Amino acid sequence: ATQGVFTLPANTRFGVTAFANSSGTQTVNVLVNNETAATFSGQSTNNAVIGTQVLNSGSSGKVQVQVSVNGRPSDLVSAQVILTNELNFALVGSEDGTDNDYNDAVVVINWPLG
């Protein structure tokens, strides 16, 4: 199944934050309406924040997270969770290798802000 694609409410600010847990440099791309809106890159085996930013979901609300290592796409897992019908988390894990810890880049999208 497709992973890392989330439909947000239109024209809504959201946070996106990426953590790294791999010996390989992670590249995280965030697309809004199929167009790159932010790109994070970094290397850490200790959960370092490699990027954090506030974006707007735009007219379509379509947000997509892509993760790759030197252009090779990682295998993604994702889900969205809503607490008290108000607080939203869009969660992405990714695997760049064979150990299947799925933490090599971890991406958290959260909304609403403010």
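All residue numbers refer to positions in the sequence shown, first residue = 1.
Checked against the record, the higher mean CA B factor of 5 to 13 and 86 to 94 lies with 5 to 13. Ranked by C-alpha B-factor against the other modelled residues of its chain, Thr36 falls in the highest third. Ranked by Cα temperature factor within the chain, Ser78 sits in the lowest third according to the deposited record. Compared with the other modelled residues of the chain, the Cα B-factor recorded for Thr25 ranks in the highest third.
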